[PDB]
Amino acid sequence: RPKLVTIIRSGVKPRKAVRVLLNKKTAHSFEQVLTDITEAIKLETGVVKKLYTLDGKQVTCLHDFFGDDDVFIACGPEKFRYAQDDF
Amino acid sequence: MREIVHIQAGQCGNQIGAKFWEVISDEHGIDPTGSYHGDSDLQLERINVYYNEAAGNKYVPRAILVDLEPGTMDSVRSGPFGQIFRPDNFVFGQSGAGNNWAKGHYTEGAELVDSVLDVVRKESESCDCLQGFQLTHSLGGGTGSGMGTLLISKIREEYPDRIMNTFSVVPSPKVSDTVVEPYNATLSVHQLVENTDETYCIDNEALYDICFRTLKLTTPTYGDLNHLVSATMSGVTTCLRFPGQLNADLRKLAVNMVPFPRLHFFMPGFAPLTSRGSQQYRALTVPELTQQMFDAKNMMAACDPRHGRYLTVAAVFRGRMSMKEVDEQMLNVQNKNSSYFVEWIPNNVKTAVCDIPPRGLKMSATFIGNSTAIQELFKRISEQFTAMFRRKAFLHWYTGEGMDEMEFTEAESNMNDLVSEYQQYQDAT
Amino acid sequence: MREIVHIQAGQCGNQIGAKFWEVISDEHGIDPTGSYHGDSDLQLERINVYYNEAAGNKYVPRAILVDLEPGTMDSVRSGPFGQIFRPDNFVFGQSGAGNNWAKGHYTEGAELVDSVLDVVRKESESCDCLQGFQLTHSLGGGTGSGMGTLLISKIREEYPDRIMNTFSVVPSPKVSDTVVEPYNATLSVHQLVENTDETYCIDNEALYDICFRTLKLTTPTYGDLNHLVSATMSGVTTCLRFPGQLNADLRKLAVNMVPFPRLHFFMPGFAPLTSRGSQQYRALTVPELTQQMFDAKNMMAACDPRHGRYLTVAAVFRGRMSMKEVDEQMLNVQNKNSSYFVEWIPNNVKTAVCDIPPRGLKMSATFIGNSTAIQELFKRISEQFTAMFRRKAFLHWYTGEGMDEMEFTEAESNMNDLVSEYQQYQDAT
Ligand SMILES: Nc1nc2c(ncn2[C@@H]2O[C@H](COP(=O)(O)OP(=O)(O)O)[C@@H](O)[C@H]2O)c(=O)[nH]1
Ligand SMILES: Nc1nc2c(ncn2[C@@H]2O[C@H](COP(=O)(O)OP(=O)(O)O)[C@@H](O)[C@H]2O)c(=O)[nH]1
């Protein structure tokens, strides 16, 4: 029923990839997850507008884009950084 | 040397220390301010085990308190001996547990644990020579069931050589304080046997009848039930902290108490217990203390030692008494109660004699039992577990917080693999 | 001997000295009138470093204050310790900066500088033996960014042998006080590395969390934030001004701190920090001060020392403590934090022990850090720089005051040539 995915922040690399819950009972909109994530992460501006994939290839827009067991990256007003986080 | 860092967790885990630290500080003459008022110089001989000596000749308890809401932490400082704690150690969240093991281990537990493990480490650098950690929590609630076990799996990776013991609160047999307490039991008992060297199981239900059939208290409140929890914990470390003829510590009470490393569920007892209307009619002799311990109504757990055999028995004594006089009593109870002990273990009784009695009495003791009578304590949990789980009942909150069925299936049979060991060692020859 | 002329510039550069000179005069018992009220004769042993002894047994601070408007200078004399300054040293314009680096360096800066450089020279003739100059300004505003750097390029031509250090205010990472602060940063950082021997970078943003997470101040105003700036500056010169066992000065803290002459951006730290509700629970030991300095939340700059290695570490101590006891702690933090220091530098820790503690405490210290973690501090500026400059945004005020594009292009790559040195020395072997 829920999703086991995780998020880091870009270009700085202290982050140990916290794994917040993603479920229908705890979330009802994709934009709601983009704002509930902001208290548990730090950015430059803090606008969590976008999130790129594990390799930063494509953008995300839906809950149904979330295959299990992958890491995403904090984005928005910035670009992808080619981070070797999971190494 | 030999410092012990005290860690608390849960609503039950906090208010025990408000009774526990009142007892320990009164064994050394400490006001709730934090200065010294004792008279004998023996009290400051091993004061550094529960006290980091700060400036101004003050003393602080080496204690860390954990909750997921501040509804209990402010109630500690607004009572007696609430000023003694350092205000930096109260690490707490804001939401609350929800009485959920999944939220106590994955949702809010991942956030608060980094603000605790640095504080343990900040005390660990202050440890001149670390002995081990002790934990006080429950097994039925949300915080003390999960957040305590989330510390232990991270502490044991940081300290494999250091010992670890939990004064947990096993839930009662018949009355039910918590609706989801069979789920909180089995999912935490699976984590206890991984990374704990010993565990002292305390039931709520047995402590009522001790305070009713024996103490004859009309109105037993928590100011007296938790007092017997403090007499147990102080009754173990009383050889580490004072000069006795035959010393003991948590190191000696681990290998000499646990012969097989997964069989480490104990049962405590305390003696003597004089009522206020019955104290002036009792002989204060050393063999009087022995016959009061080994019955059913002095055990601090819902157990029947008549059905089961002991394996290791630790009796920690305080006061001034003859060494030969105690050991004659410890040998005699092995002879007459020969069915009550296991056959293939000689010298199954451990003697610990200290020389400082509890304040207010003249002589006392503390019983530590290890019998196979706790198989009734867990099979009754596993019987309640398989009834609730086969209907998938109360599952849409644990599964809603990131949990699968295979987490239950391994944890279910591991308790069955636990109890099947106890029945195997019960009736061998 | 060894006098130091104190120069201020900017609205930020003035009100720091109103807190700074209050602290220095209270280390020698000086009223805001300007007479003497001390009790010990040690305080007048090196009084001539910040005080020209005038007639009538009075003392004046050897200080020069610079602004482009009198809206701040009259606010200094109408407060405490505003009567102590000589009324001839307040050299100021009438128009104002406009928060423009070009107007702070070419338009109004060319007029006011001749009325300052004679006053420095009039103090320079009064210098019995000049040590060096210290400057207090900012890097984001108009006056302290430009008018300070216009003095330094003219001072260094007059004094090549004399040392020079600026307690500048590096702008915050996330919140923005000034709209044009990336232009004011890069166009001034290009001028700092030309003619400054060392620089102590202070962020606004880190000083909030020091005054909130550690001091637990409910309402931190500038009477407490600038107080930590004064504790840094007094924590450096405390070996030059009092008899200690192992002396230090700005000469020893320059060559032993800067091994490559363009790598001179530091980070300061202060210890201890006792809250008013937490001072009575802390041990006042010497190894307590070490473990409080080397974390992230005691740094006075937005830096992550976990990402980066130190090169030179200066810890200036005050009070009475053993020499072997400190050096055991300084050696131990080199052993356990071996990834946190650079490999090819042995004895990377500088010890400075004085014998006069700060007034109000018993023992204290002052941390000076030099790590490669400031590459995040400048690349974040250069990332903000290339975004604003590629649109030619906010350029029609700098170009309107006599400035070309090639002024930006050399100054842009010189910061990139600065950071590429730090990454080069970060991970070599
Ligand atoms: N002996 C004793 N048990 C208590 C006390 N307060 C709570 N408990 C027990 O704690 C258990 C409930 O756990 P609780 O503290 O509410 O949950 P948690 O805070 O989320 O870990 C039950 O078994 C209660 O009997 C107390 O003061 N004394
Ligand atoms: N710590 C501190 N920073 C200040 C104070 N006043 C101004 N600042 C900083 O000074 C910078 C703005 O510079 P400003 O003085 O207005 O410009 P200038 O006078 O033209 O150099 C910002 O980074 C402010 O945070 C103060 O009292 N304390």
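Quick reminder: no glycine exception, Cβ is built from N, Cα and C everywhere.
What Swiss-Prot lists as GTP binding site is B:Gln11, B:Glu69, B:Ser138, B:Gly142, B:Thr143, B:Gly144, B:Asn204, B:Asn226. Spatially close to B:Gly142 (GTP binding site) yet at least six residues away along the chain are B:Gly10, B:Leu68, B:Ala97, B:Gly98, B:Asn99, B:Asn100, B:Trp101, B:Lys103, B:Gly104, B:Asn184, judged by Cβ distances under 8 angstroms. Reduced to three states, the DSSP call for B:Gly142 (GTP binding site) is coil.
Residues or ranges marked as Mg(2+) binding site in Swiss-Prot: B:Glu69. Over all protein chains present, the Cβ of B:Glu69 (GTP binding site) has 15 other Cβ atoms lying within 10 Å.
Residues or ranges marked as ubiquitin cross-link in Swiss-Prot (evidence: similarity to another entry): B:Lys58 (among others). Classification of B:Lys58 (ubiquitin cross-link) by DSSP places it in coil, neither helical nor stranded.
All protein chains shown were included, and the count of other CB atoms within 10 Å of the CB of B:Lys324 (ubiquitin cross-link) stands at 6. Summarising the annotation, Swiss-Prot assigns ubiquitin cross-link to B:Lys324 (among others) and lists similarity to another entry as the type of evidence.
Per Swiss-Prot, phosphoserine is recorded for B:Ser40 (among others), and the stated evidence type is similarity to another entry. Look at B:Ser40 (phosphoserine): DSSP puts it in coil.
The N6-acetyllysine annotation in Swiss-Prot covers B:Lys58 and is backed by similarity to another entry. In this view, B:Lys58 (ubiquitin cross-link) is surrounded by 19 other Cβ atoms within 10 Å of its Cβ, with every protein chain counted.
Annotated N6-succinyllysine per Swiss-Prot: B:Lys58, in sequence order, evidence recorded as similarity to another entry.
Less than 8 angstroms from the CB of B:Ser172 (phosphoserine) sit B:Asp203, B:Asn204, B:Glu205, B:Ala302, each of them six or more residues away in the same chain. The phosphoserine annotation in Swiss-Prot covers B:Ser172 (among others) and rests on similarity to another entry.
For B:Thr285 (phosphothreonine), applying a Cβ distance below 8 Å and a minimum sequence separation of six or more within one chain yields no residues. For the recorded site, B:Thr285 (phosphothreonine), the DSSP three-state label reads coil. Swiss-Prot lists B:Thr285 (among others) with the feature phosphothreonine.
With a 10 A radius on its CB, B:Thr290 (phosphothreonine) counts 18 other CB atoms from all the protein chains. The phosphothreonine feature in Swiss-Prot is assigned to B:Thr290 (among others).
All protein chains included, B:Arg318 (omega-N-methylarginine) registers 24 other Cβ atoms within 10 Å of its own Cβ. Look at B:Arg318 (omega-N-methylarginine): DSSP puts it in a strand. Residues annotated as omega-N-methylarginine in Swiss-Prot, with similarity to another entry given as evidence: B:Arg318.
Within the chain carrying the motif 'MREI motif' (B:1-4), a Cβ under 8 angstroms from the stretch's Cβ atoms is held by residues 48-50, 62, 127-134, 237, 240, 249-250, all 6 or more beyond its ends. Among the features that Swiss-Prot reports, motif 'MREI motif' is placed at B:1-4.
Under a cutoff of 8 A between CB atoms, and with a sequence separation of 6+ in the same chain, the neighbours of B:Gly144 (GTP binding site) are B:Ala9, B:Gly10, B:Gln11, B:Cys12, B:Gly13, B:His137, B:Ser138, B:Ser168, B:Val169. For B:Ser40 (phosphoserine), the number of other Cβ atoms no farther than 10 Å from its own Cβ, over all displayed protein chains, is 10. Residue counts for the motif 'MREI motif' (B:1-4) by DSSP state, with H, G and I taken as helix and E and B as strand, are 0 helix, 2 strand, 2 coil. Distance noted between the C-alpha atoms of B:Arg318 (omega-N-methylarginine) and B:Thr143 (GTP binding site) is 35 Å.
For B:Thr143 (GTP binding site), applying a Cβ distance below 8 Å and a minimum sequence separation of six or more within one chain yields B:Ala9, B:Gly10, B:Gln11, B:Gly13, B:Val66, B:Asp67, B:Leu68, B:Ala97, B:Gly104, B:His137. For the pair B:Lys324 (ubiquitin cross-link) and B:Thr290 (phosphothreonine), the C-alpha distance works out to 14 angstrom. Proximity to ligand 1 at the level of Cβ atoms, with a cut-off under 6 angstroms, picks out B:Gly142, B:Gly144, B:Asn226 from the recorded positions B:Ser40, B:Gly142, B:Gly144, B:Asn226, B:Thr285, B:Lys324. In terms of C-alpha distance, the listed recorded positions B:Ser40, B:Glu69, B:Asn226, B:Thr290 place B:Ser40 closest to B:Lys58 (ubiquitin cross-link). B:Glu69 (GTP binding site) and B:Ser40 (phosphoserine) have their C-alpha atoms 41 Å apart, to the nearest angstrom.
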